[PDB]
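Structural description and commentary
In case you want the letters, here they are:
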Amino acid sequence: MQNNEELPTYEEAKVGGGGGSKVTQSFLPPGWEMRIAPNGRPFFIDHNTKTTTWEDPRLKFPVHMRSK
């Protein structure tokens, strides 16, 4: 496939110097960030929980800002 869906480290996500194959603007919820992965796809970034994912929780809930 033209994507690997390899979720890179968060340290990579701060820059996200990936590649572009399936890249576009996905349905990121507020509070999150969306960066480009080297495998050619954008992933979601959550700064509150310091996590990343390919699946947007936006579909079920919008910005759920983890306070602490």
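Residues numbered from 1 in each chain as written, not as in the entry; some residues may be left out. Heavy atoms only, no water.

Per the PDB record, the structure was determined using solution NMR.

**Description of the pairing of strand β1 (residues 32–36)**
Note the threshold: Two strands qualify as a pair provided that DSSP identifies no fewer than 2 bridges between them. Strands here mean DSSP runs of E at least two residues long; helices mean DSSP runs of H or I at least four residues long; both are numbered from the N terminus.
Sheet topology note: the β1/strand β2 (residues 42–46) ladder contains five bridges and is antiparallel. Within β2, the residue paired with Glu33 across the bridge is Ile45. Between β1 and β2, which pair antiparallel one after the other, the connecting turn spans five residues, and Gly40 there sits at a positive phi close to 95°.

**As for the pattern of salt bridges**
What counts is decided by this rule: One speaks of a salt bridge when a side-chain nitrogen belonging to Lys or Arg is within 4 Å of a carboxyl oxygen belonging to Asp or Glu. Any residue under 20% of the maximum accessible area for its type is buried, any over 50% is exposed, and the rest in between are partly exposed; the area is computed with a 1.4 Å probe on protein chains only.
Within this structure, the stated rule accounts for three salt bridges. The residue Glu5 makes a salt bridge to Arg41 at a minimum N-O spacing of 2.8 Å. Here the residue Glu5 occupies a position in the segment before α1 (10–13), and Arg41 occupies one in the loop between β1 and β2, the gap between them amounting to 36 residues. Between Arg58 and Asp56 there is a salt bridge, with the nearest N and O atoms lying 2.8 Å from each other. For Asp56, a relative accessible area of 14% gives the class buried.

**A closer look at the side chain of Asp56**
Put simply, the test is: Identification of polar contacts relies on pairs of N or O atoms within 3.5 Å, with a donor-acceptor requirement for protein atoms, meaning one able to donate a hydrogen and the other able to accept it, and with residues adjacent in sequence counted only if both atoms are side-chain atoms. Working rule for contacts: check all heavy atoms of both residues, and any pair within 4.5 Å makes them a contact.
Inspection of the secondary structure assignment puts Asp56 in the segment after β3 (51–53). Within the local environment of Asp56, its side chain forms a polar contact with the side chain of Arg58, the two groups lying 2.8 Å apart. One polar contact links the side chain of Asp56 to the main-chain amide nitrogen of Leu59, over a distance of 3.2 Å. Beyond its immediate sequence surroundings of up to four residues, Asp56 is in contact with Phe27 and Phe44.

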